[PDB]
Structures are given as C-alpha cells and as structure tokens.
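Here the structure is laid out as structure tokens; the discussion comes afterwards.
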Amino acid sequence: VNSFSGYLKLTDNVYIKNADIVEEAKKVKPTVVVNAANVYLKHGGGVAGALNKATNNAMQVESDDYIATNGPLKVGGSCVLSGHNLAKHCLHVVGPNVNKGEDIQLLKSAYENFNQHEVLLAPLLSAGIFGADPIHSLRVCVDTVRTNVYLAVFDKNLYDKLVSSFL
Ligand SMILES: OC[C@H](C[C@H](O)c1ccccc1)Nc1ncnc2[nH]ccc12
Ligand SMILES: [Cl-]
C-alpha cells in the first residue's frame, strides 16, 4: 500500500492520472520523482522547468554542479539527484527529443532506468515538448517498466485519449 490516490490501473504495475506532477509530488512526497531531463540538465521548460521552479531553482544549482563534475548525460540515460522539497530523490531521465532529431528507439532505454527503483512518480518520457507520440510513450512504458510507476499526464484531453486508446 502506498499514498498515491485517484489513479487508473492500466496493468499490474502501471497507473495513470490526469495531474500536475509538481502538485502530485508536493502532496505525495514520493521516494522518487522522475524528471523529463535533457543531457545538460538545463531545466528550462516542460516538466523540468516546472519541477525546477517548484524547488526555487535549487534543482538547477545542484544540476549545474553535477554537469561540471561529470559532463552531460547520454540520451537514454539518467542520474539520481536530490528531490529537494518534492521527493526524496529525483531521477533525471533523458528521453529522445524528436525536435532534435534523436532516435525514438532510445525511448525504451530511457524507460529501463525506471526499473532500478521500486516505485516512481513519473511523466510520459519524450512527450510534450520532446515531440514524441504520447500513445507510443505509454506503450513503451507499459512494455518496459516492471517496477511500480504512477504516471501523471498534465493535459486532460490527452489523458482521456491515452485511456480510451489503451490496449
Ligand atoms: O509528456 C510530457 C507532459 C506533456 C503534457 O501532458 C501535455 C501538455 C500539452 C499538450 C499535451 C500534453 N508534460 C507534463 N506532464 C506532467 N506534469 C507536468 N507538469 C508540467 C509539465 C508536465
Ligand atoms: Cl512537456
């Protein structure tokens, strides 16, 4: 039993809700919130910009130190950093950005990072401003993640389409 509320159950381990991941994180304070990161951990817009804003830019400050030490992430890769006021940890995961010409096949590799964590609050990787088809992202999530994932879909109209089209 966990403290996630109001989710629709898609499979044994995947759950979905129309919700603002910032507000969801602030309420649940999950062990792991997933950020839709880029390789530079520059949290300017989309989920990343919203999460970082909610941390009063502390996420960005921490991320800049991470990059200065370690260099950029790989597309498909991840790193674990602080969750600040939102979660214990933030798993920064880089899905491919279609608007940069990145290989959509890397979306599966991106979701594989979730399997290192028993329970996560997450967005649909590569959705929104990353330019991929969210129906495809949900399918890859369901077919790749084996741990317990609670998906927040910000857009209500998109949420309804993902549910109604879910196989
Ligand atoms: O897949 C990324 C997802 C896209 C979003 O659902 C969308 C917005 C407009 C049109 C269609 C779809 N972004 C988020 N998901 C959850 N919480 C969030 N908080 C801030 C951003 C955000
Ligand atoms: Cl987005």
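Order of listing sets the numbers, starting from 1, for every ligand and every atom in it. When a residue number appears, it is its place in the shown sequence, counting from 1. For the numbers below, each heavy atom of this structure counts, side chains included, while hydrogens, waters and symmetry mates do not.
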Are side-chain N/O atoms of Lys88 and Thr31 paired as donor and acceptor at under 3.5 Å?
no

Side chains of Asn38 and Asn97 only: does a donor on one sit below 3.5 Å from an acceptor on the other?
no

Pick whichever of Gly49, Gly128, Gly46 has a heavy atom sitting closest to atom 4 (C) of ligand 1.
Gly128

Starting from [atom], what is the nearest protein heavy atom, named by residue and atom, and what distance separates them?
atom: atom 17 (N) of ligand 1; answer: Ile21 CG2, 3.2 Å
atom: atom 7 (C) of ligand 1; answer: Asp155 CB, 3.8 Å
atom: atom 1 (O) of ligand 1; answer: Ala127 CB, 2.4 Å
atom: atom 21 (C) of ligand 1; answer: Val47 CG2, 3.4 Å
atom: atom 5 (C) of ligand 1; answer: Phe154 CB, 4.0 Å

Below 4.5 Å, heavy atoms only, C-beta onward: do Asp64 and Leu41 meet side chain to side chain?
no

With heavy-atom distances below 4.0 Å as the criterion, list the atoms of ligand 1 near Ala152.
15 (N), 16 (C)

Closer than 4.0 Å to some heavy atom of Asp20 - which atoms of ligand 1 meet that?
19 (N)

Across all chains, not counting sequence neighbours, the side chain to side chain donor-acceptor pair (under 3.5 Å) partners of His84 are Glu62

Distance-only criterion, 3.5 Å: show the donor-acceptor pairs between side-chain atoms of residues 15-22 and protein atoms not counting sequence neighbours.
from: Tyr15; atom 1: OH; to: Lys9; atom 2: NZ; distance (Å): 2.8
from: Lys17; atom 1: NZ; to: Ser5; atom 2: O; distance (Å): 3.0
from: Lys17; atom 1: NZ; to: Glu24; atom 2: OE2; distance (Å): 2.9
from: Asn18; atom 1: ND2; to: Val153; atom 2: O; distance (Å): 2.9
from: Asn18; atom 1: ND2; to: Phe154; atom 2: O; distance (Å): 2.9
from: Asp20; atom 1: OD1; to: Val22; atom 2: N; distance (Å): 3.0

Please find the pair of heavy atoms, one from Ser165 and one from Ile135, that lie closest to each other, and give the distance.
OG-CD1, 3.9 Å

Less than 6.0 angstrom separating the ring centers of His89 and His117, yes or no?
no

Of the side chain and backbone of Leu158, name the one, both, or neither that has a heavy atom under 4.0 Å from an atom of ligand 1.
side chain

